[PDB]
Each structure stands twice: as C-alpha cells, then as structure tokens.
Amino acid sequence: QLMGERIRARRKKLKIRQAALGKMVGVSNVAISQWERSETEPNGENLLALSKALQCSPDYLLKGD
Amino acid sequence: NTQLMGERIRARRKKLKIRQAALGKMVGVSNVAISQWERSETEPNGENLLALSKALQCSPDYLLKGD
DNA sequence: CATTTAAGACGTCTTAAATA
DNA sequence: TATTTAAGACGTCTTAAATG
C-alpha cells in the first residue's frame, strides 16, 4: 500500500476536500492530488504538516507504520 | 530555537561525534546530501527527514523548526 | 464541483573534483 | 579523511486549463 493511498484514506475519514486539506497543510489542492496519486511525495516540512492535519504520525504515512 | 535547521543538524551530529559520511550511511543518503542540509543548501525530503531524525535521536519537529 | 493534467520554475538528490 | 563545490538527473511544487 502506497503512502498516497493512506493520505487519501485519512482525508476521507476526516470528510474533507483536497483543497481544504491543502489549506491546512500550506500547499495547493494539486499538491494533495499529486501525493494521493503517488505522482510525488511530500517534502520534509510538508510531510510533518500533513501528518498533523491528518492526526497521525509521519511514520504511519510513510510506511503504514 | 531560531537557528536554521542546518545548524541544528550539524550541532547534533557533532555532539554524537558522527562524521557526515557515516551519518549519510545511517540515513540512506550521500555525505554530500548531509553537507547540503547542514549548510542549508537544501532540506531533507519526507523520507529522509524521518530517517535523519531517528539517526540523531531527535524529533523531526526539533530539526525542522527548533520546537 | 472537485479533482487530474500539463507545463514550467525551482528543490533535492547523485558522482567527480577541488579544497585543505 | 573530511568536507565543500560543481554539474547534472530527476523530484516537488505552482497556476491555468481540462476533465470530471
């Protein structure tokens, strides 16, 4: 299971749109899309911000634990 | 606190008495990458930041922001 | 509406060379 | 040996548009 799949699953659990997650993290909606689809992976600062927005650890996102 | 991430990385590497190349090996990157991070030329990506934090036994938030 | 695609700017890595 | 500089490959973001 790719990190992107975990990001999408956690976003869906929170019941929010990509743009809303983007605003929380400090990136565009498109960035969220790219991560969820595994087009790219978040950089250091964005991974930590994303983990906080998604209420999980960065290790959970990166490796499913 | 208000230093750059690179300054915090170097201070903790030196405290642990680890060379850049050795730290690179532990993290899964080249010695040059460690040098770039320490000099604030670049910042580690997601995977590398977490690997770096484990190698240095500090939180990723400490390295990134000093908090 | 909500998300993906496209193009492009700039960041994050690599090895080889230069430094001392 | 230890680190920095140089040059190049590919990665991570942006906005506009297309697709959904």
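Residue numbers start from 1 in every chain, and the chains themselves are labelled A, B, ... in the order their sequence lines are given, proteins ahead of strands. The analysis underlying the following values was restricted to heavy atoms, covering all of them including side chains, and did not include hydrogens, waters or symmetry mates.
DNA chain D lies under 4.0 Å from at least one heavy atom of each of the following residues of residues 13-26 of chain B: B/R13, B/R19, B/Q20. DNA chain D is contacted by B/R39 of residues 39-53 of chain B, taking any non-hydrogen atom closer than 4.0 Å. Of the residues in residues 59-66 of chain B, none has a non-hydrogen atom less than 4.0 angstrom from any atom of DNA chain D. Taken residue by residue, residues 28-35 of chain B places heavy atoms nearer than 4.0 Å to DNA chain C at B/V29, B/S30, B/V32, B/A33.
Here the shortest heavy-atom pairing between A/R11 and A/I16 reads NH1-O, 2.9 Å. Shortest non-hydrogen contact noted between B/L63 and B/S53 is CD1-CA, 4.0 Å. The minimum heavy-atom distance between B/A21 and B/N31, with the atom names listed, is CA-CB, 3.6 Å.
Residues A/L21 and A/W35 form no side-chain contact, since every pair of their non-hydrogen atoms from C-beta on lies 4.5 Å or further apart. Residues A/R6 and A/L54 fail the side-chain proximity criterion, which asks for heavy atoms closer than 4.5 Å. With a 4.5 Å cut-off on side-chain heavy atoms, A/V27 and A/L50 do not count as touching.
With respect to the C1'-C2'-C3'-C4' torsion, C/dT4 shows a south sugar, the value lying on the negative side. A south sugar is assigned to D/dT4: the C1'-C2'-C3'-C4' torsion is negative, on the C2'-endo side.
Phosphate contact (OP1/OP2 of C/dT4, side-chain N/O of A/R8, threshold under 4.0 Å): present.
With sequence neighbours excluded, the residues satisfying side chain to side chain donor-acceptor pair (under 3.5 Å) with B/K65 are B/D67. Residues satisfying the side chain to side chain donor-acceptor pair (under 3.5 Å) criterion with A/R10, sequence neighbours excluded, are absent altogether. Considering only residues two or more places apart in sequence or on other chains, B/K54 meets the side chain to side chain donor-acceptor pair (under 3.5 Å) condition with A/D59. The side chain to side chain contact (heavy atoms under 4.5 Å, CB included) search around A/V30 returns A/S28, A/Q34, not counting sequence neighbours. By the side chain to side chain donor-acceptor pair (under 3.5 Å) test, B/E41 pairs with B/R39, sequence neighbours left out.
A distance of 12.0 Å separates CG of B/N1 from CD of B/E7, quoted to the nearest 0.5 Å. Atom CD of B/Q3 and atom CZ of B/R10 lie 11.5 Å apart (nearest 0.5 Å). A distance of 8.0 Å separates CE in B/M5 from OG1 in B/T42, rounded to the nearest 0.5 Å. With values rounded to the nearest 0.5 angstrom, B/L64 atom CG is found 9.0 Å from A/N43 atom CG. To the nearest 0.5 Å, the span separating CG on A/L47 from CG on B/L50 amounts to 5.5 Å.
When hydrophobic clusters are built by joining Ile, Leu, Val, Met, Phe, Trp and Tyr residues whose side-chain heavy atoms come closer than 4.5 Å, directly or via intermediates, B/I34 is not grouped with B/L4.
Legend: salt bridge (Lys or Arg N to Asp or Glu O under 4.0 Å) pairs involving residues 12-35 of chain A, not counting sequence neighbours: none detected.
Chain A approaches DNA chain D within less than 4.0 angstrom (heavy atoms of the protein), and the contacting nucleotides run 5' to 3' from D/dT12 to D/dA16.
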Worksheet, complete the sentence: Encoded 5' to 3' (Watson-Crick or G-U under 3.5 Å; [ ] crossing; | other strand), DNA chain C becomes .|||||||||||||||||||
